[PDB]
């Protein structure tokens, strides 16, 4: 099948704002498709393959706009399918799942320019850093197609449905997570700091201006969410809210199990709840990506697992931003049944 989408460079306005947040970063963006989803330029080379990637009936996807609960979900989804074999779940998350669109943030043609954004390049564990770059060159598709049939595939992605095989849900199951845009904005701001993506200069307002305006990775934020929303009625789609994980974890697990075709006992659902305790998770080496810190590519004072709180966007928004945020979220939920807890 051919890729039904074209792309356009950013116009002056758009580009001006973006460079005000990610100027220092080597990878540039491009608007893909009619909705103009923001994708790192490299994505283009594999775009068509992903659109046509061969799916398998046993494939399980954990999708979401980034920073909405992907990690928590992957861990639960993995345990449930592998009969709560906590022992075997101790291997790195990035090894148990395939991050479909995780490659695009790296542009090989710019290797040199990358370490320059690191406070200290002379202190990198080169044997590892370089290996990271290599893996990060392998297109998403290739990594999926490499897994033999006798191995269940666990895919992770922040790609909207429109960029993946349409009708895919006829073959694979997916769990899409969503979270309050505002809290997502915040978490993303810090995550971008974690990997040295933002000009050490700019602040959060700048980031937010870029975010709700559809100029950040994989946004427009609402089109992304709405796409999965419209498919929640499907038997292979499970739409969840990050807020509910905090409100009723025991009940969220139940739903997932029921969804993935399992039956956990009060004990299993409970046994999983303790395993997902924030502090216990935040310190879990298999899922906190802290191994990366050894490499030398994580910012001091940042962590892949931060607070795990809800509604703390209020500590970052000023009255001005707050109004503009309300109007924005208000305007995208008009004439749609999409509602956040």
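Positions refer to the first chain, counted from 1.
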property	result
Between the two ranges 150-158 and 194-202, the one averaging a larger CA B factor in the entry	194-202
Entry-level comparison of average CA B-factors, 92-100 and 233-241, reporting the higher stretch	233-241
Highest-ranked of 185, 77, 218, 225 once sorted by CA temperature factor in the record	225
Most elevated Cα B-factor in the entry, residues 180, 112, 127, 248	127
Residue 316 - which third its CA temperature factor falls in, relative to the rest of the chain	middle
Ranked C-alpha temperature factor of residue 68 among modelled chain residues, by third	highest
Among modelled residues of the same chain, the CA temperature factor third for residue 122	highest
CA B-factor placement of residue 207, once the chain's modelled residues are sorted into thirds	middle
Entry-reported Cα temperature factor of residue 272, expressed as the chain third it lands in	highest
